[PDB]
file protein_23.cif (mmCIF, C-alpha atoms)
data_query
#
loop_
_atom_site.label_atom_id
_atom_site.label_comp_id
_atom_site.auth_asym_id
_atom_site.auth_seq_id
_atom_site.Cartn_x
_atom_site.Cartn_y
_atom_site.Cartn_z
CA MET A 1 -13.61 96.49 -38.67
CA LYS A 2 -13.94 100.28 -38.78
CA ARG A 3 -11.59 103.21 -38.35
CA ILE A 4 -12.38 105.29 -35.27
CA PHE A 5 -10.71 108.61 -36.04
CA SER A 6 -8.16 110.27 -38.31
CA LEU A 7 -5.67 112.81 -36.96
CA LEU A 8 -4.76 115.53 -39.47
CA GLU A 9 -2.81 118.61 -38.37
CA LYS A 10 -1.78 121.37 -40.76
CA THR A 11 1.64 121.58 -39.11
CA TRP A 12 2.09 117.82 -39.59
CA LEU A 13 1.22 118.17 -43.29
CA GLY A 14 4.09 117.54 -45.70
CA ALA A 15 6.34 115.88 -43.10
CA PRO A 16 6.39 112.42 -41.52
CA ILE A 17 4.94 111.91 -38.04
CA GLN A 18 6.12 109.50 -35.34
CA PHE A 19 3.48 107.97 -33.06
CA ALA A 20 3.53 105.70 -30.02
CA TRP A 21 0.70 104.10 -28.03
CA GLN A 22 0.74 103.76 -24.26
CA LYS A 23 1.81 100.26 -23.27
CA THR A 24 -0.51 97.86 -21.42
CA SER A 25 -3.28 100.47 -21.37
CA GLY A 26 -3.45 102.19 -24.76
CA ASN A 27 -5.12 105.19 -23.12
CA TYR A 28 -2.59 107.77 -24.35
CA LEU A 29 -1.03 108.16 -27.81
CA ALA A 30 1.93 110.50 -28.34
CA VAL A 31 2.33 111.81 -31.90
CA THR A 32 4.99 114.23 -33.15
CA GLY A 33 5.63 115.97 -36.46
CA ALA A 34 7.92 118.72 -37.74
CA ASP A 35 6.37 121.48 -35.59
CA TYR A 36 8.53 120.75 -32.50
CA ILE A 37 5.30 119.96 -30.61
CA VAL A 38 4.35 116.48 -29.36
CA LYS A 39 0.63 115.95 -28.78
CA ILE A 40 -0.73 113.18 -26.54
CA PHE A 41 -4.31 112.15 -27.35
CA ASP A 42 -6.75 109.79 -25.68
CA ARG A 43 -8.62 106.88 -27.27
CA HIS A 44 -11.47 109.29 -28.07
CA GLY A 45 -9.43 111.28 -30.60
CA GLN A 46 -9.14 114.44 -28.47
CA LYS A 47 -5.96 116.04 -27.15
CA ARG A 48 -4.95 115.21 -23.58
CA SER A 49 -1.50 116.82 -23.29
CA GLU A 50 0.99 118.91 -25.25
CA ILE A 51 4.78 119.11 -25.00
CA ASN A 52 6.90 121.89 -26.52
CA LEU A 53 10.37 121.09 -27.81
CA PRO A 54 13.39 123.21 -28.81
CA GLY A 55 14.33 120.86 -31.67
CA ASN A 56 13.05 118.15 -33.97
CA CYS A 57 11.60 115.17 -32.12
CA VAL A 58 13.18 111.74 -32.62
CA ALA A 59 10.96 108.98 -31.18
CA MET A 60 8.78 107.96 -28.25
CA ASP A 61 8.41 104.77 -26.22
CA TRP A 62 6.57 103.65 -23.10
CA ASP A 63 7.39 101.52 -20.06
CA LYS A 64 5.34 98.60 -18.75
CA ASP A 65 3.10 100.94 -16.73
CA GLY A 66 2.98 103.64 -19.41
CA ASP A 67 2.68 106.46 -16.88
CA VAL A 68 6.17 107.88 -17.52
CA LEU A 69 6.80 108.99 -21.11
CA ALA A 70 10.04 110.68 -22.17
CA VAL A 71 9.70 113.31 -24.90
CA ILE A 72 12.95 114.01 -26.72
CA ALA A 73 14.18 116.60 -29.21
CA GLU A 74 17.24 117.19 -31.36
CA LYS A 75 19.87 119.80 -30.43
CA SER A 76 18.84 119.55 -26.77
CA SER A 77 20.23 117.79 -23.69
CA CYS A 78 16.96 117.81 -21.69
CA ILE A 79 14.36 115.04 -21.47
CA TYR A 80 10.70 115.96 -20.97
CA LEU A 81 9.32 113.45 -18.47
CA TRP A 82 5.51 113.30 -18.66
CA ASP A 83 3.47 111.58 -15.95
CA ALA A 84 0.19 110.14 -17.23
CA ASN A 85 -1.23 109.72 -13.71
CA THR A 86 -1.24 113.51 -13.29
CA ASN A 87 -0.44 114.37 -16.95
CA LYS A 88 2.38 116.62 -15.73
CA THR A 89 5.50 117.49 -17.75
CA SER A 90 8.87 118.22 -16.12
CA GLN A 91 12.44 118.54 -17.39
CA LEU A 92 15.31 116.19 -16.54
CA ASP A 93 18.93 117.17 -17.21
CA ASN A 94 21.29 114.32 -18.10
CA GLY A 95 24.35 116.57 -17.73
CA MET A 96 26.27 114.89 -20.57
CA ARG A 97 25.21 117.39 -23.28
CA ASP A 98 25.82 115.42 -26.47
CA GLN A 99 24.09 114.82 -29.81
CA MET A 100 21.39 112.72 -28.19
CA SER A 101 19.81 110.29 -30.64
CA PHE A 102 18.25 107.22 -29.01
CA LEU A 103 15.69 106.68 -26.23
CA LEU A 104 14.54 103.31 -24.88
CA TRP A 105 12.96 101.63 -21.86
CA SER A 106 13.67 98.36 -20.09
CA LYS A 107 11.02 95.82 -21.06
CA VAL A 108 10.69 94.59 -17.45
CA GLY A 109 12.08 97.22 -15.10
CA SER A 110 11.67 101.00 -15.01
CA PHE A 111 15.06 101.68 -16.58
CA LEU A 112 15.57 104.38 -19.23
CA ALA A 113 18.52 103.96 -21.60
CA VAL A 114 19.55 107.09 -23.52
CA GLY A 115 22.30 107.22 -26.11
CA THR A 116 23.90 109.88 -28.27
CA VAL A 117 25.62 110.10 -31.64
CA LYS A 118 28.89 110.51 -29.71
CA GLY A 119 28.20 107.09 -28.16
CA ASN A 120 27.79 108.25 -24.56
CA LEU A 121 25.19 106.23 -22.66
CA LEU A 122 23.09 107.01 -19.60
CA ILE A 123 20.84 104.76 -17.51
CA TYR A 124 18.02 106.32 -15.48
CA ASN A 125 16.42 104.37 -12.63
CA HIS A 126 12.91 105.75 -12.17
CA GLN A 127 12.25 103.73 -9.00
CA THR A 128 15.28 105.32 -7.32
CA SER A 129 15.56 108.27 -9.75
CA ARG A 130 19.28 107.58 -10.13
CA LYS A 131 21.54 108.52 -13.04
CA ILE A 132 24.35 106.19 -14.12
CA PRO A 133 26.55 107.53 -16.95
CA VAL A 134 28.65 105.08 -18.98
CA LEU A 135 31.11 106.62 -21.44
CA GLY A 136 32.62 105.17 -24.60
CA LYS A 137 29.76 102.76 -25.30
CA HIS A 138 30.09 103.33 -29.06
CA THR A 139 32.47 105.28 -31.27
CA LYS A 140 29.78 106.34 -33.77
CA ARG A 141 26.07 107.11 -33.93
CA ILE A 142 23.86 104.70 -31.99
CA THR A 143 21.05 103.27 -34.14
CA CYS A 144 18.67 101.34 -31.87
CA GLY A 145 18.57 98.77 -29.10
CA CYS A 146 16.54 96.31 -27.07
CA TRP A 147 16.04 94.93 -23.57
CA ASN A 148 15.52 91.39 -22.32
CA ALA A 149 13.52 89.83 -19.49
CA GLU A 150 16.60 90.14 -17.23
CA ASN A 151 17.09 93.89 -17.86
CA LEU A 152 20.07 93.51 -20.21
CA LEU A 153 20.68 96.54 -22.43
CA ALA A 154 21.72 95.90 -26.03
CA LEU A 155 23.03 98.69 -28.26
CA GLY A 156 24.44 98.99 -31.76
CA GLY A 157 26.50 101.80 -33.27
CA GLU A 158 26.86 103.04 -36.84
CA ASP A 159 30.51 101.94 -36.61
CA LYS A 160 29.15 98.38 -37.04
CA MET A 161 29.61 97.15 -33.48
CA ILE A 162 27.19 95.82 -30.86
CA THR A 163 27.51 96.06 -27.07
CA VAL A 164 25.48 93.90 -24.68
CA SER A 165 25.55 94.97 -21.04
CA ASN A 166 23.57 94.67 -17.82
CA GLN A 167 21.40 97.32 -16.16
CA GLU A 168 24.45 98.48 -14.17
CA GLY A 169 26.27 99.62 -17.32
CA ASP A 170 29.12 97.09 -17.14
CA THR A 171 29.95 95.93 -20.66
CA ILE A 172 29.46 92.17 -20.94
CA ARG A 173 29.85 91.38 -24.65
CA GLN A 174 31.36 93.37 -27.52
CA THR A 175 30.87 92.10 -31.07
CA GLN A 176 31.72 93.34 -34.56
CA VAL A 177 29.17 93.12 -37.38
CA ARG A 178 29.53 93.50 -41.14
CA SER A 179 27.08 96.38 -41.64
CA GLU A 180 25.19 99.00 -39.64
CA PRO A 181 22.93 97.39 -37.00
CA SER A 182 19.22 98.17 -37.07
CA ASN A 183 16.12 96.91 -35.24
CA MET A 184 17.67 95.01 -32.36
CA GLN A 185 15.21 92.79 -30.46
CA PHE A 186 15.48 90.38 -27.54
CA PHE A 187 13.63 87.06 -27.40
CA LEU A 188 13.79 83.67 -25.69
CA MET A 189 14.93 80.52 -27.48
CA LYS A 190 12.85 77.35 -27.06
CA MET A 191 15.00 74.22 -27.07
CA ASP A 192 13.99 70.76 -25.82
CA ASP A 193 14.77 71.91 -22.25
CA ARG A 194 12.44 74.47 -20.66
CA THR A 195 14.83 75.36 -17.80
CA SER A 196 16.24 78.31 -19.78
CA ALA A 197 13.70 81.16 -19.70
CA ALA A 198 16.02 84.15 -20.23
CA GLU A 199 16.20 86.19 -23.44
CA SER A 200 19.87 86.00 -24.45
CA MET A 201 20.44 85.92 -28.23
CA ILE A 202 19.77 89.06 -30.26
CA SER A 203 18.47 89.44 -33.82
CA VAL A 204 19.52 92.55 -35.77
CA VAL A 205 19.17 93.81 -39.34
CA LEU A 206 22.43 94.83 -41.04
CA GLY A 207 22.31 97.20 -44.01
CA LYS A 208 18.54 96.63 -44.29
CA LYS A 209 19.55 93.58 -46.36
CA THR A 210 21.00 90.92 -44.03
CA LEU A 211 19.90 89.34 -40.75
CA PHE A 212 22.39 88.72 -37.94
CA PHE A 213 22.07 86.62 -34.78
CA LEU A 214 24.44 87.26 -31.86
CA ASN A 215 24.31 84.63 -29.10
CA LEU A 216 25.61 85.42 -25.62
CA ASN A 217 25.77 81.69 -24.85
CA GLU A 218 27.94 81.02 -27.93
CA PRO A 219 29.49 84.29 -29.16
CA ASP A 220 31.99 82.33 -31.29
CA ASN A 221 29.26 81.13 -33.70
CA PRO A 222 27.25 84.12 -34.96
CA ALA A 223 24.43 83.39 -37.40
CA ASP A 224 24.06 85.12 -40.77
CA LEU A 225 21.05 85.14 -43.09
CA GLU A 226 20.84 86.68 -46.57
CA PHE A 227 17.67 87.32 -48.58
CA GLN A 228 17.10 87.67 -52.30
CA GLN A 229 18.07 91.04 -53.75
CA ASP A 230 14.78 91.14 -55.68
CA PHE A 231 12.87 91.64 -52.42
CA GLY A 232 14.71 94.88 -51.67
CA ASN A 233 15.55 96.59 -48.38
CA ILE A 234 14.23 95.27 -45.07
CA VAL A 235 11.62 97.67 -43.69
CA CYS A 236 10.74 96.00 -40.38
CA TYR A 237 10.54 92.56 -38.82
CA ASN A 238 8.46 91.08 -36.02
CA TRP A 239 8.73 88.09 -33.69
CA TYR A 240 5.87 85.65 -33.11
CA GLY A 241 5.30 81.99 -32.40
CA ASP A 242 7.96 79.68 -30.98
CA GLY A 243 10.82 81.55 -32.60
CA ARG A 244 9.28 82.84 -35.84
CA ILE A 245 10.50 85.96 -37.66
CA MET A 246 8.27 87.77 -40.15
CA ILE A 247 10.32 90.16 -42.29
CA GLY A 248 8.76 92.71 -44.64
CA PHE A 249 10.42 94.09 -47.76
CA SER A 250 9.99 97.11 -50.02
CA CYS A 251 8.52 95.00 -52.86
CA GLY A 252 5.49 93.81 -50.90
CA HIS A 253 6.99 90.38 -50.15
CA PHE A 254 7.10 88.99 -46.61
CA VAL A 255 9.29 86.10 -45.44
CA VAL A 256 8.54 83.92 -42.41
CA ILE A 257 11.55 82.04 -41.01
CA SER A 258 11.84 79.65 -38.08
CA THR A 259 14.71 79.84 -35.59
CA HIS A 260 14.80 76.22 -34.39
CA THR A 261 18.19 74.53 -34.29
CA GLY A 262 19.11 73.31 -37.76
CA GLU A 263 16.32 75.38 -39.37
CA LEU A 264 17.45 78.98 -38.85
CA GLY A 265 16.44 81.14 -41.80
CA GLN A 266 14.27 78.43 -43.38
CA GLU A 267 11.36 80.10 -45.16
CA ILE A 268 7.89 79.03 -44.02
CA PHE A 269 5.61 80.94 -46.39
CA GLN A 270 6.16 83.94 -48.66
CA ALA A 271 3.69 85.86 -50.81
CA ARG A 272 3.32 89.16 -52.66
CA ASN A 273 0.63 90.80 -50.54
CA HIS A 274 1.42 94.25 -51.99
CA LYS A 275 2.00 94.58 -55.72
CA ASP A 276 4.40 97.55 -55.55
CA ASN A 277 5.46 98.50 -52.01
CA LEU A 278 4.95 97.36 -48.41
CA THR A 279 5.14 100.15 -45.84
CA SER A 280 4.87 98.35 -42.49
CA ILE A 281 3.98 95.08 -40.77
CA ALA A 282 2.41 94.76 -37.30
CA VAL A 283 1.93 91.43 -35.50
CA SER A 284 -0.55 91.13 -32.62
CA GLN A 285 -0.46 88.17 -30.24
CA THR A 286 -3.78 89.07 -28.59
CA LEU A 287 -5.33 89.34 -32.04
CA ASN A 288 -2.97 86.57 -33.23
CA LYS A 289 -3.02 88.41 -36.56
CA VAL A 290 -0.68 90.35 -38.83
CA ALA A 291 -1.60 93.62 -40.54
CA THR A 292 0.54 94.60 -43.53
CA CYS A 293 0.17 98.12 -44.92
CA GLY A 294 1.52 99.13 -48.31
CA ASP A 295 0.47 100.54 -51.67
CA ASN A 296 -2.16 102.49 -49.71
CA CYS A 297 -3.88 99.26 -48.69
CA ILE A 298 -4.01 97.34 -45.41
CA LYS A 299 -4.39 93.55 -45.25
CA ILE A 300 -5.01 91.81 -41.92
CA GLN A 301 -4.55 88.03 -41.93
CA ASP A 302 -4.67 85.36 -39.24
CA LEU A 303 -1.29 84.12 -38.02
CA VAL A 304 -2.53 80.52 -37.87
CA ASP A 305 -3.38 80.62 -41.60
CA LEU A 306 -1.08 83.16 -43.26
CA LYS A 307 -2.70 82.40 -46.63
CA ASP A 308 -6.18 83.26 -45.34
CA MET A 309 -7.37 86.80 -46.10
CA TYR A 310 -9.34 88.28 -43.20
CA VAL A 311 -9.65 92.08 -43.60
CA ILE A 312 -8.93 94.10 -46.75
CA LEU A 313 -8.97 97.90 -46.65
CA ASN A 314 -8.21 100.17 -49.62
CA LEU A 315 -7.09 103.57 -48.37
CA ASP A 316 -7.98 106.81 -50.12
CA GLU A 317 -5.68 108.44 -52.65
CA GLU A 318 -5.08 111.31 -50.20
CA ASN A 319 -2.97 108.95 -48.03
CA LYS A 320 -0.21 108.41 -50.60
CA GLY A 321 2.79 107.19 -48.62
CA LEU A 322 2.34 105.32 -45.34
CA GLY A 323 4.52 105.11 -42.25
CA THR A 324 4.35 102.40 -39.59
CA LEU A 325 1.62 100.21 -38.11
CA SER A 326 1.51 100.01 -34.32
CA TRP A 327 -0.78 97.90 -32.13
CA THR A 328 -1.68 98.50 -28.50
CA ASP A 329 -0.49 95.87 -26.02
CA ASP A 330 -4.02 94.41 -25.90
CA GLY A 331 -4.39 94.65 -29.69
CA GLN A 332 -7.53 96.77 -29.33
CA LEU A 333 -6.35 99.73 -31.44
CA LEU A 334 -4.14 99.78 -34.55
CA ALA A 335 -2.64 103.08 -35.70
CA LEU A 336 -1.09 103.90 -39.06
CA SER A 337 1.06 106.92 -39.92
CA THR A 338 1.60 108.50 -43.32
CA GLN A 339 4.58 110.16 -44.98
CA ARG A 340 2.50 113.36 -45.30
CA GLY A 341 1.73 113.54 -41.57
CA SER A 342 -1.74 112.03 -41.20
CA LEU A 343 -2.58 109.31 -38.67
CA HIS A 344 -5.45 106.80 -38.65
CA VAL A 345 -6.79 104.73 -35.75
CA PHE A 346 -8.64 101.47 -36.45
CA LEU A 347 -10.69 99.42 -33.99
CA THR A 348 -9.22 96.01 -34.77
CA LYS A 349 -10.51 94.45 -31.53
CA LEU A 350 -13.21 95.43 -29.05
CA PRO A 351 -14.77 93.71 -26.01
CA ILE A 352 -17.96 91.84 -26.88
CA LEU A 353 -20.72 93.53 -24.88
CA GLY A 354 -24.27 92.79 -25.94
CA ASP A 355 -27.78 92.05 -24.78
CA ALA A 356 -31.22 91.38 -26.22
CA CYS A 357 -34.76 91.97 -24.98
CA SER A 358 -37.41 90.30 -27.13
CA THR A 359 -36.10 90.97 -30.64
CA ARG A 360 -34.46 94.30 -29.78
CA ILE A 361 -30.68 93.99 -29.39
CA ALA A 362 -27.88 96.25 -28.20
CA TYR A 363 -24.17 95.78 -28.82
CA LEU A 364 -20.93 97.67 -28.23
CA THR A 365 -19.88 99.18 -31.57
CA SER A 366 -16.94 101.33 -30.48
#
call {"tool": "encode", "arguments": {"input": "protein_23.cif", "output": "structure tokens"}}
result
Amino acid sequence: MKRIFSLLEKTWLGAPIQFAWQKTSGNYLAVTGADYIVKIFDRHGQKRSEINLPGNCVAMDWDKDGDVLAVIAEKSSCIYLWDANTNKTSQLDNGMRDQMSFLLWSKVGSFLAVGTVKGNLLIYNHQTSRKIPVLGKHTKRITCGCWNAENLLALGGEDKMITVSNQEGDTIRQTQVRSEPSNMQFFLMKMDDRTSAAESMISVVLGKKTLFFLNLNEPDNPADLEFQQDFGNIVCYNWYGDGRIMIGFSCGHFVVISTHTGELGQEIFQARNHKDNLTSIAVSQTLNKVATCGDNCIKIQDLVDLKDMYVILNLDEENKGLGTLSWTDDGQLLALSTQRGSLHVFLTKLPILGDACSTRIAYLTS
């Protein structure tokens, strides 16, 4: 495994950078820093597009197609819609004019959910280009959210309350939680009956220390999980397998827990991959492997054998402080951000093209 290219901008230096790969294609990568400019690069390492912003950028995300990317900025009520097919940037006005904080896409449909600190919510239908405003979704700052296979929008406010609704904006379930929700994700439970194929129950991280499960089927029995205080604060968690959660901590310890009935929160295997700190964890189904970055080192291990050590990389001292690890939908490219504003792209997977005439051979390296 070899790194393809490193992105280092002087403006990005000294400040964290947020990056997002195009979904299902990985052709475009949008990276932002503290310069109010979001740059979209190709897989070659060269710039493809640039977006100017009037305020600090928040985050990026991509739909199933990946053609439509919304660029967002703080202290602004306009969304910069960028079309990858023509690489053209236009401005969309929501008309609600609030402290916009959160941007997300529907994981199946072309629905764009936008939320503000004031709690106002808007749903944008790209197929019909229709705007549906829903007011009073939350009474405090919205943290994050998730979408299911049936286009159900889940949201969680800093007032410690979670709203689950449909794509039409009608509130379906309202639940109270002990701490501030973070990292909401939809997923499908696998019981003995395969007739249920809809993602219904939501896993969230409260206070970066506890795990909470809210079930739409049984809202009267929420599930709570608590981890050891020695591990620290929850950085990020990923879903893989038939209901398996891999949770990373600030002390370099990862916990794998199954979600089968009667075994929720039961640890599978835990180890101290990073001696001091773990920065991020990325799980790839196509690679079927997990890459954990921390202490300026990246360890990629097979998901089948978590104890097996596949790829070890020791980063340079100039990359002190890492950000997040993100994998393209095909698992071909893995990108890592740094707290100082430097990005790295690694060729984790690549199609196997090769031939041989006599003893001479040729093979696809990058």
call {"tool": "residues_around", "arguments": {"input": "protein_23.cif", "residues": "segment 258-269 of chain A", "least_positions_apart": "6", "cutoff": "7 Å", "atoms": "all atoms listed in the file", "output": "PyMOL selection string"}}
result
chain A and resi 225+243-245
call {"tool": "resolve_selection", "arguments": {"input": "protein_23.cif", "expression": "the PyMOL selection byres ((chain A and resi 33) around 8)", "output": "MDAnalysis selection string"}}
result
chainID A and resid 11:12 15:18 31:32 34:38 57 341
call {"tool": "residues_around", "arguments": {"input": "protein_23.cif", "residues": "residue 344 of chain A", "least_positions_apart": "4", "cutoff": "6 Å", "atoms": "all atoms listed in the file", "output": "ChimeraX atom specification"}}
result
/A:6,335-336
call {"tool": "write_last_selection", "arguments": {"input": "protein_23.cif", "atoms": "C-alpha atoms", "output": "short mmCIF file (atom, residue, chain, number, x, y, z; two decimals), in the coordinates of the input"}}
result
data_model
loop_
_atom_site.label_atom_id
_atom_site.label_comp_id
_atom_site.auth_asym_id
_atom_site.auth_seq_id
_atom_site.Cartn_x
_atom_site.Cartn_y
_atom_site.Cartn_z
CA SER A 6 -8.16 110.27 -38.31
CA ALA A 335 -2.64 103.08 -35.70
CA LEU A 336 -1.09 103.90 -39.06
#
call {"tool": "resolve_selection", "arguments": {"input": "protein_23.cif", "expression": "the PyMOL selection byres ((chain A and resi 40-42) around 9)", "output": "list in words"}}
result
residues 26, 27, 28, 29, 30, 31, 32, 38, 39, 43, 44, 45, 46, 47, 48, 49, 50 and 51 of chain A
call {"tool": "closest_residue", "arguments": {"input": "protein_23.cif", "among": "A:315, A:59, A:234, A:257", "to": "residue 207 of chain A", "atoms": "all atoms listed in the file"}}
result
A:234
call {"tool": "closest_atom_pairs", "arguments": {"input": "protein_23.cif", "of": "segment 192-252 of chain A", "to": "segment 155-170 of chain A", "cutoff": "10 Å", "atoms": "all atoms listed in the file", "output": "Markdown table"}}
result
| residue | atom | partner | partner_atom | distance |
| --- | --- | --- | --- | --- |
| A:200 | CA | A:164 | CA | 9.7 |
| A:202 | CA | A:164 | CA | 9.3 |
| A:204 | CA | A:156 | CA | 9.0 |
| A:206 | CA | A:160 | CA | 8.6 |
| A:207 | CA | A:160 | CA | 9.8 |
| A:214 | CA | A:162 | CA | 9.0 |
| A:216 | CA | A:164 | CA | 8.5 |
call {"tool": "atom_distance", "arguments": {"input": "protein_23.cif", "atom1": "atom CA of residue 171 of chain A", "atom2": "atom CA of residue 197 of chain A"}}
result
22.0 Å
call {"tool": "closest_residue", "arguments": {"input": "protein_23.cif", "among": "A:250, A:1, A:201, A:110", "to": "residue 123 of chain A", "atoms": "all atoms listed in the file"}}
result
A:110
call {"tool": "residues_around", "arguments": {"input": "protein_23.cif", "residues": "residue 313 of chain A", "least_positions_apart": "5", "cutoff": "10 Å", "atoms": "only C-alpha atoms", "output": "list in words"}}
result
residues 1, 2, 293, 296, 297, 298, 299 and 300 of chain A
